[PDB]
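Trainee: My questions will all concern the structure given below.
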Amino acid sequence: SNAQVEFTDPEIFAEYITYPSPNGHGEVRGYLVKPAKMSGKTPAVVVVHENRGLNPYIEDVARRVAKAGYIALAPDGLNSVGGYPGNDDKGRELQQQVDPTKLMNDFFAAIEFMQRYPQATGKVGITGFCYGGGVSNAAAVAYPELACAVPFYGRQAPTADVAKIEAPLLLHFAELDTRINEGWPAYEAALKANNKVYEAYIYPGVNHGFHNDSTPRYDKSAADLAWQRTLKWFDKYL
């Protein structure tokens, strides 16, 4: 289900935590959500936000991941500049001021933290939107043990690094999102040339941000279909 999840939903347990990012911003704040009823170790998913920090939409997505049965960690990329400021415009402005390498490293550090998390199995997947889709691809390049990666309408991996990718990739693209789509053919050709496991879907008649139900670009039909595919991917590879 891609339904919004109430913060009080009894099937999930949510809390803010901090984790170390020695090559990023040090002690980084994140929203951690677990299935409320967990007997054994559970697989994990890092959820990467868009270009405006950890806003309520991304926190809801983290809860949707936990409802599906995984431990979700959504770091706050604005933690070094006061956190999500309450509105997306200021969030966008602030995220631009954050050092790009350190910011990306914070998300990489979240993968590592979830790998070693006592209540987790050790397997970690990643998903993200816009900026976060870009980070998802970059994580696939950097972590050969990454269980899977699911970029939503995000920057492609650099073509020369595609051979390094081992995580099965599920890519969601919006038909009208020409800036991102421009780079897809080169990425696809490299994936095929290197016999990489992937599935890619182009959703007709929608634009970038179609899964974001807090914006006018939201499209329920595409959002729900993409999410169903994402949960099947998690079920298969986590």
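No lab work stands behind these numbers, since they all come straight from the coordinates. Please note: Cβ atoms are built from the backbone with ideal geometry, for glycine as well, and neighbour counts cover all protein chains shown.
Trainee: May I ask you to verify whether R92 is assigned to a helix (DSSP H, G or I), among the basic types (K, R) and in contact with a strand residue (DSSP E or B) (Cβ under 8 Å, 6 or more places away or on another chain)?
Mentor: no
Trainee: How about region 1-56: which of its residues are of a type in the set (F, W, Y), under 25 Å from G91 (Cβ atoms), assigned to a strand (DSSP E or B) and in contact with a helix residue (DSSP H, G or I) (Cβ under 9 Å, 6 or more places away or on another chain)?
Mentor: Within region 1-56, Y19, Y31 meet the criteria.
Trainee: In this structure, does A222 turn out to be under 27 Å from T42 (Cβ atoms), part of a helix (DSSP H, G or I), among the aliphatic types (A, V, I, L, M) and touching a strand residue (DSSP E or B) at 6+ places or on another chain (Cβ under 9 Å)?
Mentor: Considered against the rule, which asks whether it is under 27 Å from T42 (Cβ atoms), part of a helix (DSSP H, G or I), among the aliphatic types (A, V, I, L, M) and touching a strand residue (DSSP E or B) at 6+ places or on another chain (Cβ under 9 Å), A222 comes out as no.
Trainee: Go through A190, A186, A149 for me and flag whichever is part of a strand (DSSP E or B), in contact with a helix residue (DSSP H, G or I) (Cβ under 6 Å, 6 or more places away or on another chain) and either without any contact (Cβ under 8 Å) to a residue 60 or more places away in the chain or under 19 Å from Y57 (Cα atoms) (or both). Please lay out each step first, then the result.
Mentor: Working: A190 fails: part of a strand (DSSP E or B); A186 fails: part of a strand (DSSP E or B).
Testing whether each residue is part of a strand (DSSP E or B), in contact with a helix residue (DSSP H, G or I) (Cβ under 6 Å, 6 or more places away or on another chain) and either without any contact (Cβ under 8 Å) to a residue 60 or more places away in the chain or under 19 Å from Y57 (Cα atoms) (or both) leaves just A149.
Here's the yes/no breakdown for (1) among the β-branched types (V, I, T); (2) in contact with a strand residue (DSSP E or B) (Cβ under 7 Å, 6 or more places away or on another chain); (3) in contact (Cβ under 8 Å) with a residue 40 or more places away in the chain; (4) within 21 Å of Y203 (Cα to Cα):
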residue: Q119; (1), (2), (3), (4): no, yes, yes, no
residue: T127; (1), (2), (3), (4): yes, yes, yes, yes
residue: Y143; (1), (2), (3), (4): no, no, no, no
residue: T159; (1), (2), (3), (4): yes, no, no, no
residue: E166; (1), (2), (3), (4): no, no, no, no
residue: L169; (1), (2), (3), (4): no, yes, no, yes
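Trainee: Also, quick follow-up: Any residue in region 18-36 that's without any contact (Cβ under 8 Å) to a residue 60 or more places away in the chain and aliphatic (A, V, I, L, M): show its pairings with residues that are in a loop (DSSP other than H, G, I, E, B) and exposed (fewer than 14 other Cβ atoms within 10 Å of the Cβ) at Cβ separation under 8 Å, as long as the two are six or more apart or on different chains.
Mentor: Pairs that qualify, where the first residue is without any contact (Cβ under 8 Å) to a residue 60 or more places away in the chain and aliphatic (A, V, I, L, M) and the partner is in a loop (DSSP other than H, G, I, E, B) and exposed (fewer than 14 other Cβ atoms within 10 Å of the Cβ), are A36/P10; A36/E11.
Trainee: With the condition kept exactly as written, say whether any residue in region 209-219 is of a type outside the set (G, A, S) and in a helix (DSSP H, G or I).
Mentor: No, region 209-219 contains no residue that is of a type outside the set (G, A, S) and in a helix (DSSP H, G or I).
Trainee: Right, another one. In the set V33, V48, which member is in contact with a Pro (Cβ under 9 Å, 6 or more places away or on another chain), crowded, with 22+ Cβ neighbours inside 10 Å and not polar (S, T, N, Q)? Write out each step before concluding.
Mentor: Values: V33 fails: in contact with a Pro (Cβ under 9 Å, 6 or more places away or on another chain).
Of the residues listed, the single one that is in contact with a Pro (Cβ under 9 Å, 6 or more places away or on another chain), crowded, with 22+ Cβ neighbours inside 10 Å and not polar (S, T, N, Q) is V48.
Trainee: Taking the residues in region 18-28 that are surrounded by 18 or more Cβ atoms within 10 Å (Cβ to Cβ) and not small (G, A, S) as candidates, determine which candidate is farthest from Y131 (Cα to Cα). First the steps, then the outcome.
Mentor: Step one: list which residues in region 18-28 are surrounded by 18 or more Cβ atoms within 10 Å (Cβ to Cβ), which gives 19, 21, 24-25, 28.
With not small (G, A, S) added as a condition, the list becomes 19, 25, 28.
Working: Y19: 21, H25: 18, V28: 18 Å.
Taking the candidates together, the pick is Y19.
Trainee: Follow-up question, since we're still on this one. Given the conditions (1) in contact (Cβ under 8 Å) with a residue 40 or more places away in the chain; (2) buried (at least 18 other Cβ atoms within 10 Å of the Cβ); (3) of a type outside the set (S, T, Y), and given that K102 satisfies all but one, which numbered condition is not satisfied?
Mentor: (2)
Trainee: Same structure again: Scan region 69-97 for residues that are aliphatic (A, V, I, L, M) and either surrounded by fewer than 16 Cβ atoms within 10 Å (Cβ to Cβ) or without any contact (Cβ under 8 Å) to a residue 40 or more places away in the chain (or both) and jot them down.
Mentor: Applying the first criterion (aliphatic (A, V, I, L, M)) to region 69-97 yields 71-74, 78, 81, 94.
Within region 69-97, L78, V81 meet the criteria.
Trainee: Sort out which residues of region 194-206 are in contact (Cβ under 8 Å) with a residue 24 or more places away in the chain and either under 24 Å from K236 (Cα atoms) or surrounded by 13 or more Cβ atoms within 10 Å (Cβ to Cβ) (or both), and write them in order of number.
Mentor: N194, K196, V197, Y198, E199, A200, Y201, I202, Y203, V206
Trainee: Here's another thing I want to ask about it. Looking at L231, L170, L238, which one is in contact with a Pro (Cβ under 7 Å, 6 or more places away or on another chain), under 30 Å from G69 (Cα atoms) and surrounded by 15 or more Cβ atoms within 10 Å (Cβ to Cβ)? Spell out the reasoning first.
Mentor: Numbers: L231 fails: in contact with a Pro (Cβ under 7 Å, 6 or more places away or on another chain); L170 fails: in contact with a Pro (Cβ under 7 Å, 6 or more places away or on another chain).
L238 is the lone residue from the list that is in contact with a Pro (Cβ under 7 Å, 6 or more places away or on another chain), under 30 Å from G69 (Cα atoms) and surrounded by 15 or more Cβ atoms within 10 Å (Cβ to Cβ).
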